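To start, the structure itself, in structure tokens.
Chains as they are written, first to last, in the numbering used here: chain A, 11 to 449; chain B, 538 to 587; chain C, 50 to 148; chain D, 52 to 151.
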């Protein structure tokens, strides 16, 4: 079989901003006057950018002879992912990971007249759980047809180098895809509205506020590690604590350069104006608003289940097949602190969290729910509660107390909604919880 | 130059009839050619320069 | 905007060059800086920057003789000084040694 | 200055006689019977007499690599005139010979 091409131009997919040969020819004392004395300028400009598809060229002196190629160079590259340090061990058996967290309780006023009748009363501890599963199962497939590949080389060294490059491409692809999956984790988390958003663009004073972003980042990092804890920085609304040595700040190259040229080059004793967490620089995020993300070491929940490679030879077709199987689980923990720095515009409310998300009540019982809205601004918004159970008799008050009718058997859905849009154009942010009924 | 490839998803049922299926690797090439040929010329009249 | 219009523009150009060099030298690689659209990465030792003389003379006087810890606001790669290019808008070119 | 050629066919200056490929295909027990079992007969028939004009060819497996040439042979010949014993000597001076 012969594969041949005809009528191929040197300027195949080139869009010209301007014609350099015409500019040189038509220059009159312009910046192109330096190239006027050059004699073989058109020939250099015609083929100086390289050729995509080559064709046989006859020799200049003798038209019968053809021109040969005198050099062959093989280009090699090796890639790694910089986020591999956030991975955990392996899971050889099982599929699901369970994570449990016990929160804090409230203080009760001291009383003896009341205590004399409720000694054996019980108070349910507050505890939440979430689950992680294996979700990545892929393989990389390539083929090597060495007998058909022999004709493209005249040197065994070049042939072997090309085969080795083909082999290395598989591992390069695996590393690149792993990095992209890890970045997709953060982008998905931001897209689902589970971060706490801090604006780093609006300043508090028009007096040369070129340090507003670094001041905000420093303050946020400082208040992330207050000893008494807080429940404003995690998507499960649990009072937790962070440590300074376990905080990782993933930022952008342009942000790093901006900080370095703006504050570090002009600050005396720059230790008072640097970042606080462990800094890792990447090539930006996918979402519009993200500029930097500050997370905890326990935020990542990435494990690898399988890594293997297997080959098979086709003797009728005279070739080799390589398969590289990778199985992994990629997830994040909602119990860990995570904040995202935004330099654009954001909605008034990002999410609403109902603290009891799973409940089981009897036909005459009651359940109390609490709601936490994540408002970017300082404006306070009210929640409204509803129940989509269906039976008549079950009702929820405005505070968040749900009572269940004595005759009812179906799964109840408790919703708390907040309105942030205008009239006739409503926009709603909803938190939800599920209630089962004991018989 | 040899580039990177794409990833497929695991499917044991579909793997029954394409164990010997082929997948072409991705490579690219370019070519460079001779393009500059010039000369410089100078004359000297030693007898008349004396 | 313009390398020599003002010191703010010069500092913005410095920031842009430093960010571009950092993006070029990243372990995961990229396919946004080569004309064949292939995943590849460069090295800081192999990166070369070509600058005119006026830009250097403005930089070292304006943003280097008044800056404490001046290594945080200087160029990153290897710097070569020439008399300038012929294109209308071309100011600086950052290339790899194998270019 | 780059001399190139386009759309050159392997059958350039060939005045074919009877289309051997069609003869083999329509061979109903004639002398061309022994060529029926041959599998890659068309591939050798199309280029078995050489090619006058060489054009770049991409290999079948990877369509980006180019097929090279692996052998160069230079032909030489020495010719002489057989009627050299019939020549006389040399005439360094003069122009004319007289015979009586």
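Backbone N, C-alpha and C define an ideal beta-carbon position, used for all residues, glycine too.
Item to complete: Determine the burial state of residue 340(A): buried for a count of at least 16 other Cβ atoms within 10 Å of its Cβ, exposed for fewer.
Response: Position 330 of the first chain, counted from the start, is the residue given in the question as residue 340(A). With 16 or more Cβ atoms within 10 Å of its Cβ, residue 340(A) is classed as buried.
Fill in: Pick from 550(B), 558(B), 540(B) and 553(B) that is closest to residue 151(A), judged by C-alpha positions
Within the first chain, numbered from 1, the residue matching residue 151(A) stands at position 141. Answer by Cα proximity: 558(B).
Discussion item. Using 8 Å for Cβ pairs, my map puts residue 413(A) next to residue 426(A). What's the rounded Cβ distance?
Written reply: In the first chain, counting from the first residue as 1, residue 413(A) sits at position 403. In the first chain, counting from the first residue as 1, residue 426(A) sits at position 416. Incorrect: roughly 16 Å between the Cβ atoms, too far for contact.
Fill in: residue 194(A) - DSSP class collapsed to helix/strand/coil
Translated into positions along the first chain, residue 194(A) becomes position 184. Assigned with DSSP and collapsed to three states, residue 194(A) falls in helix.
Worksheet item: With which residues is residue 151(A) paired in a DSSP beta bridge?
Response: Residue numbering aside, residue 151(A) sits at position 141 when the first chain is read from its first letter. Residue 151(A) pairs with 333(A).
Item to complete: Could you name the residues of the same chain whose beta carbon sits closer than 6 Å to that of residue 163(A), not counting the 5 residues immediately before and after it, in chain order?
Response: Taking the first residue of the first chain as 1, we reach residue 163(A) at position 153. Closer than 6 Å at Cβ, skipping near neighbours: 169.
Fill in: Unbroken beta strand (DSSP E) run spanning residue 47(C), endpoints
Outside the modelled stretch of chain C, which goes from 50 to 148, sits residue 47(C), for which no answer is possible.
Worksheet item: What does a CB cutoff of less than 8 Å around residue 105(C) pick up in its chain, not counting 5 residues either side in sequence?
Response: Taking the first residue of the third chain as 1, we reach residue 105(C) at position 56. Here the set comprises 128 and 130.
Practice prompt. Please check the pair residue 304(A) and residue 254(A), which I expect to be a contact at CB under 8 Å, by giving their CB distance rounded to whole angstroms.
Written response: On the first chain, position 294 is the one that residue 304(A) refers to. On the first chain, position 244 is the one that residue 254(A) refers to. A Cβ-Cβ distance of about 11 Å is found for the pair residue 304(A) and residue 254(A), leaving them out of contact under the 8 Å criterion.
Practice prompt. Using a cut-off of 7 Å between C-beta atoms, extract the partners of residue 87(C) located in chain B.
Written response: As a working note, residue 87(C) is residue 38 in the third chain. The answer, in chain order, is 538, 540 and 565.
Discussion item. For residue 107(A) and residue 236(A), what's the separation of their Cα atoms in angstroms?
Written reply: Sequence index remark: in the first chain, residue 107(A) carries index 97 (1-based). Sequence index remark: in the first chain, residue 236(A) carries index 226 (1-based). Approximately 29 Å, taken between the alpha carbons.
Discussion item. I'd like to check one pair, residue 191(A) with residue 146(A): are the Cβ atoms closer than 8 Å?
Written reply: For the purposes of this step, residue 146(A) is identified with residue 136 of the first chain, where counting begins at 1. For the purposes of this step, residue 191(A) is identified with residue 181 of the first chain, where counting begins at 1. Taking 8 Å as the Cβ cut-off, residue 146(A) and residue 191(A) qualify as a contacting pair.
Worksheet item: What does residue 113(D) reach in chain B if we use C-beta pairs closer than 8 Å?
Response: What you label residue 113(D) is simply residue 62 of the fourth chain in a count that begins at 1. Neighbours of residue 113(D) on chain B, chain order: 561, 562 and 564.
Worksheet item: Which runs of the alpha helix (DSSP H) spanning at least 4 residues fall entirely within the segment 102 to 159 of chain A, listed in chain order?
Response: For the segment 102 to 159 of chain A, the full-length alpha helix (DSSP H) segments reaching 4 residues or more read 156 to 159 along the chain.
Discussion item. In whole angstroms, give me the CA-to-CA distance for residue 68(A) and residue 53(D).
Written reply: For the purposes of this step, residue 68(A) is identified with residue 58 of the first chain, where counting begins at 1. For the purposes of this step, residue 53(D) is identified with residue 2 of the fourth chain, where counting begins at 1. Answer to the nearest angstrom: the Cα atoms are 8 Å apart.
Worksheet item: Since residue 401(A) and residue 420(A) are thought to touch, with beta carbons under 8 Å apart, how far apart are those beta carbons, to the nearest angstrom?
Response: For this step, residue 401(A) is matched to residue 391 along the first chain. For this step, residue 420(A) is matched to residue 410 along the first chain. Right, their Cβ atoms sit about 7 Å apart.
Fill in: Buried versus exposed, by CB contacts within 10 Å (16 or more), residue 431(A)
What you label residue 431(A) is simply residue 421 of the first chain in a count that begins at 1. It counts as exposed.
Item to complete: Return the bridge partner residues of residue 371(A) from the DSSP annotation.
Response: Within the first chain, the letter at position 361 stands for residue 371(A). Residue 371(A) pairs with 447(A).
Discussion item. By alpha-carbon positions, which one of 42(A), 56(A) and 29(A) ends up nearest to residue 570(B)?
Written reply: Within the second chain, residue 570(B) is the residue found at index 33, counting from 1. When each option's Cα is compared against that of residue 570(B), the closest is 56(A).
Item to complete: Consider the C-beta atom of residue 64(D) and the heavy atoms of the ligand ZN; say whether any pair is separated by less than 7 Å.
Response: This structure simply doesn't include the ligand ZN, nor any ligand for that matter.
Discussion item. Measuring only the C-alpha atoms, how far is residue 71(C) from residue 103(C)?
Written reply: Within the third chain, the letter at position 22 stands for residue 71(C). Within the third chain, the letter at position 54 stands for residue 103(C). In a straight line, the C-alpha of residue 71(C) is about 25 Å away from that of residue 103(C).
Discussion item. Tell me the DSSP secondary structure of residue 167(A) in three-state form.
Written reply: Taking the first residue of the first chain as position 1, residue 167(A) is located at position 157. Three-state DSSP puts residue 167(A) in a helix.
Worksheet item: Are at least three pairs of beta-carbons, each pair with one atom in the segment 347 to 358 of chain A and one in the segment 180 to 189 of chain A, less than 8 Å apart?
Response: no
Worksheet entry | Delimiting residues of the alpha helix (DSSP H) encompassing residue 271(A) | On the first chain, residue 271(A) is found 261 positions in, with the first residue counted as 1. Here residue 271(A) belongs to no alpha helix (DSSP H), and DSSP marks it neither H nor E.
Worksheet item: If you draw a straight line from the alpha carbon of residue 234(A) to that of residue 436(A), how long is it in whole angstroms?
Response: Within the first chain, the letter at position 224 stands for residue 234(A). Within the first chain, the letter at position 426 stands for residue 436(A). Near 34 Å, if we compare the C-alpha coordinates of residue 436(A) and residue 234(A).
Worksheet entry | Local Cβ density within 10 Å of residue 545(B), reported as buried at 16 or more and exposed below that | Here residue 545(B) refers to the residue found at position 8 of the second chain. Per the 10 Å Cβ criterion, exposed.
Item to complete: Show which residues of chain B have a CB atom less than 8 Å away from the CB atom of residue 183(A).
Response: As a position in the first chain, residue 183(A) is number 173, starting the count at 1. The answer, in chain order, is 541, 542, 543 and 544.
Discussion item. I need the DSSP call for residue 321(A), collapsed to helix, strand or coil.
Written reply: By 1-based counting over the first chain, the position of residue 321(A) is 311. If DSSP states are grouped into helix, strand and coil, residue 321(A) belongs with the strands.
Worksheet item: With 16 other CB atoms within 10 Å as the buried threshold, where does residue 329(A) fall?
Response: Residue numbering aside, residue 329(A) sits at position 319 when the first chain is read from its first letter. Buried, because 16 or more other Cβ atoms sit within 10 Å of the Cβ of residue 329(A).
Worksheet item: Quick one: any contact between the segment 105 to 120 of chain C and the segment 92 to 111 of chain A, if contact means 3 or more CB pairs under 8 Å?
Response: These segments do not touch.
Worksheet entry | is_contact[residue 92(A), chain C] using C-beta, thresh 8 Å | As a position in the first chain, residue 92(A) is number 82, starting the count at 1. With 8 Å as the cut-off, residue 92(A) counts as an interface residue toward chain C.
Practice prompt. Quick one: residues in its chain with C-beta nearer than 7 Å to the C-beta of residue 116(C), no 5 flanking neighbours on either side, listed in chain order?
Written response: Within the third chain, numbered from 1, the residue matching residue 116(C) stands at position 67. Excluding sequence neighbours, residue 116(C) sits near 122.
Practice prompt. May I ask you to list, following chain order, the residues of the segment 57 to 70 of chain C that have a beta carbon less than 7 Å from some beta carbon of chain A?
Written response: Of all residues in the segment 57 to 70 of chain C, 60, 63, 64, 67 and 68 have a Cβ within less than 7 Å of some Cβ in chain A.
Worksheet item: Exposed or buried, residue 166(A), counting other C-beta atoms within 10 Å across all chains shown (16 or more means buried)?
Response: The sequence position of residue 166(A) within the first chain is 156, counting from 1. Under this definition residue 166(A) is an exposed residue.
Worksheet item: Can you give the Cα-Cα distance for residue 133(A) and residue 67(C), rounded to whole angstroms?
Response: As a first step, residue 133(A) must be located in the first chain, where it is residue number 123. As a first step, residue 67(C) must be located in the third chain, where it is residue number 18. For residue 133(A) and residue 67(C), the distance between alpha carbons rounds to 59 Å.
Worksheet item: Is the Cβ of residue 280(A) closer than 8 Å to any Cβ of chain C?
Response: Translated into the one-based positions of the first chain, residue 280(A) becomes position 270. Interface residue, yes.
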